[PDB]
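Commentary on secondary and tertiary structure
These are the residues of each chain, in order.
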Amino acid sequence: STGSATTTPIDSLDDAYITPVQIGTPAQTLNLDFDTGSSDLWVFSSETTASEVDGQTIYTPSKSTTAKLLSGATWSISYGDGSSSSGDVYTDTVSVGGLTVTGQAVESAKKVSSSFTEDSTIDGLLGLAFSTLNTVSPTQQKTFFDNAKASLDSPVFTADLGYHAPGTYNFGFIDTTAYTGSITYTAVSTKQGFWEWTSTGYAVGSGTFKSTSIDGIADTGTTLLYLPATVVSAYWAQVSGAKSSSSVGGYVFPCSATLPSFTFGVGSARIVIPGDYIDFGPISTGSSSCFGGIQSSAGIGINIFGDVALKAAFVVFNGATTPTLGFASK
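In its metadata, the entry names X-ray crystallography as the structure determination method and reports 1.2780 Å as the resolution.

Taking the PDB entry as the reference, the protein is identified by name as endothiapepsin belonging to Cryphonectria parasitica. This entry appears in the Protein Data Bank under the title "Automated refinement of diffraction data obtained from an endothiapepsin crystal treated with fragment 286". Of the protein, the UniProt comment under Sequence similarities reads exactly: "Belongs to the peptidase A1 family."

Shown next as C-alpha cells:
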C-alpha cells in the first residue's frame, strides 16, 4: 500500500504545516501537525477542557463506530518549547492520503497548554519519530508509520515541505519526479528515539564550506534551524545589523536586509537553504526588526534540523531494519 497527502503552511511565515487526517467511522477529518520529532498521535477532542478549545476541529469518539476506549491508558507529553498536552486513549481507524491503519492509538486530549489553544489551525499532532518515545502508559503505543510499515510497498515516508506553498507527505514510495539529482543517504542513530544524523558541515552564502560534524535531528515539527552557537554566529555575522537579543529570545536582523543562503552537508552532497527561507518577519506587528530562522541550540541540548532546513530538500525517512535518512535538492 501507499499514501499521499498534501501538507499546507498554517500561515504566511510557514510557522508549521498541517495535513488532513481521517479518523473514525464515518471519517472525522482533522488537520494534524506531522512531527518527526515526537511519537504521539494526539487530537483535540470532545474530552478537551472547553476553555482550552478555541476554533480547533475536535474528534468525538462517541460518534465513531470503530472507536474503542483503550482501558486504563493515559498519556502526557511536554515538548521542547514548553508546550504540553495530556489525556486518555482510544483505538480507531486512521487514514492519511488513502493509507489506512486499523487499531491506531488516538490520544484524546483532556488538557492542552495555552500555545495549542492559541493555534486554531492545528487540531493535534501525528508523531513520526520512533515508537520508543511514545508516552502512553502503562502500555506504550506505536506510531502511525510503525503500524503501517509492514503493509507499505517500501518501509519509508517522505517529507517535501514547501516554502510559502503546499507540499507533500508520501508513505510507502519515493516519488522520483519530486526532486532533482540524486538522493544522498546518511546514517541514523535511534538511541534517543529521533531521526538523528550527522551533517558533514556548512557554508554561509558564497563562502567556503567548513567540514565539521554536526549531530542533530530531522524534525518536521520544529519551525526553525537550531545549530551550535559557533555556526549561528558565523551566519549572522554576514548580516549587517544582526544581533542576538536576549529580550526577544534569539537573533534578530534589520527587515531591510538581504539574507545570505546557508548550506548544510549530507555526506559529500550539499543542501542550499535560500536566504529568504531564513526570514521569519517582524518580531511584532509593524516592527523593522525581523526574527531569524537560524538560531542557537545552546541550552536546547540538541541541534535541530527543523522546517527551515527540511523545506529546502526532499527528505526520505527510511524505516528499514537499519533506518537511514536521505536528502535530495529539489
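Having put the structure on the table, let's press on.
**Describing the overall build of the protein**
When helices and strands are tallied, the protein shows four helices and 24 strands. For a compact globule of 330 residues, the expected C-alpha radius of gyration is about 20 Å, and the protein comes in at 20 Å, within 12% of that figure. When the backbone C-alpha atoms are referred to their principal axes, the protein occupies close to 60 × 45 × 30 Å. Contacts in the protein between residues far apart in sequence, at least 24 positions, make up 66% of those at least 6 positions apart.

**Here's the deal with the nonpolar core**
Ranked by internal contacts, the top residues of the largest apolar core, which has 73 residues, are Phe171, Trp236, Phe262, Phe264, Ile273 and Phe327. Per-element tally for this core: the top contributor is helix α3 (residues 229–236), with four residues. Counting contributing residues, this core receives three or more from each of domain 1 (5–174) and domain 2 (175–330). Apart from the residues lying within four places of it in its own chain, the contact partners of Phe264 are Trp197, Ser199, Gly201, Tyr202, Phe209, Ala269, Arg270, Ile271, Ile273, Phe305, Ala309 and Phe327. In terms of nonpolar packing, the next biggest core, distinct from the first, is built from 17 residues, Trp42, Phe44, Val89 and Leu125 among them.

**Concerning the side chain of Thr36**
Examined against the element boundaries, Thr36 turns out to sit in the loop between β3 (28–35) and β4 (41–43). By relative accessible area, which is 0% here, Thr36 ends up buried. Among the polar contacts listed, one links the side chain of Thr36 to the backbone oxygen of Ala218, at a separation of 2.8 Å. For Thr36, the side chain forms a polar contact with the main-chain nitrogen of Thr220, separated by 2.9 Å. Among residues more than four places away in sequence, those in contact with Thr36 are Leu128, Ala129, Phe157, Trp195, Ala218, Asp219, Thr220, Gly221 and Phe317.

**Considering α3**
Turning to α3, its buried residues are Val231, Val232, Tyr235 and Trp236. The buried side chains of α3 occupy one side of the element, clustering within an arc of 125 degrees when seen end-on.

**So, the sheet that holds strand β22 (residues 303–305)**
Here seven strands make up an open sheet; going across it, the order is β18-β17-β12-β13-β22-β14-β21 and the pairing mixed. Each edge of the open sheet carries a strand with a single partner, namely β18 (269–273) and β21 (294–296). Pairs of neighbouring strands in the sheet enclose a mean axial angle of 45 degrees, with direction left out of account. Note that strand β12 (residues 196–204) and strand β13 (residues 210–218) share six bridges and pair antiparallel. Bridged to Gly201 within β13 is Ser211. Along the sheet face, α3 touches β12, β13, β14 (225–227), β17 (262–266) and β21 and points at about 140 degrees away from the line of β21.

**Let's talk about the domain arrangement of the protein**
Domain boundaries assigned for the protein yield domain 1 (5–174) and domain 2 (175–330). Between domain 1 and domain 2, the C-alpha centre-to-centre distance is 25 Å. Broken down by secondary-structure element, the contributors of at least two residues to the side of domain 1 that touches domain 2 are β3, β9 (156–160) and β10 (167–171). Partitioned by chemical class, the residues of the side of domain 1 that touches domain 2 number 18 nonpolar, six polar and six charged.

**Examining the sheet that holds strand β15 (residues 243–245)**
Paired through backbone hydrogen bonds, the strands of a sheet run either parallel or antiparallel to each other. Strand order in the open sheet formed by four strands is β15-β16-β20-β19, with antiparallel pairing between adjacent strands. Taken across any chain shown, the strands that pair with only one partner, and hence form the sheet edges, are β15 and β19 (279–282). Averaged over all pairs of adjacent strands, the angle between strand axes in this sheet comes to 40 degrees, irrespective of strand direction. Bridging between β19 and strand β20 (residues 289–292) involves two bridges; their strand directions are antiparallel. Note on β20: the bridge partner recorded for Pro282 is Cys290.

**A closer look at the pairing of strand β2 (residues 17–23)**
For β2, the buried fraction is high: five of the seven residues fall into the buried class. Inspection of the sheet shows strand β1 (residues 3–9) paired to β2 by two bridges, in the antiparallel sense. Among the inter-strand pairings, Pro9 is bridged to a residue of β2, identified as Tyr17. Hairpin connection between β2 and β3: a loop of four residues separates the two successive antiparallel strands, and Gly24 in this loop has a positive phi of roughly 85 degrees. Where β2 meets strand β6 (residues 84–96), two bridges bridge the pair, whose relative direction is antiparallel. By the bridge assignment, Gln22 is partnered in β6 with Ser95.

Criteria and cut-off values
- Residues numbered from 1 in each chain as written, not as in the entry; some residues may be left out.
- Heavy atoms only, no water.
- Residues with missing side-chain atoms left out of burial classes, pairs and counts.
- UniProt positions renumbered as here; feature names shortened; annotations may be inferred.
- Helix = DSSP H or I, 4+ residues; strand = E, 2+ residues; numbered from the N terminus.
- Rg over C-alpha atoms; globule rule 2.2 N^0.38 Å.
- Contact = heavy atoms within 4.5 Å.
- Core = buried A, V, L, I, M, F, W, Y, C linked by side-chain atoms within 4.5 Å.
- Buried < 20%, exposed > 50% of the residue type's maximum accessible area, 1.4 Å probe, protein only.
- Domains from an automatic or database assignment.
- Polar contact = N/O pair within 3.5 Å; in protein donor to acceptor, adjacent residues only side chain to side chain.
- Arc of directions from axis to C-beta.
- Pairing = 2+ DSSP bridges.
- Axes fitted to C-alpha atoms, helices over the stretch in contact; angles between N-to-C directions.
- Nonpolar A, V, L, I, M, F, W, Y, C, P; charged D, E, K, R; others polar.

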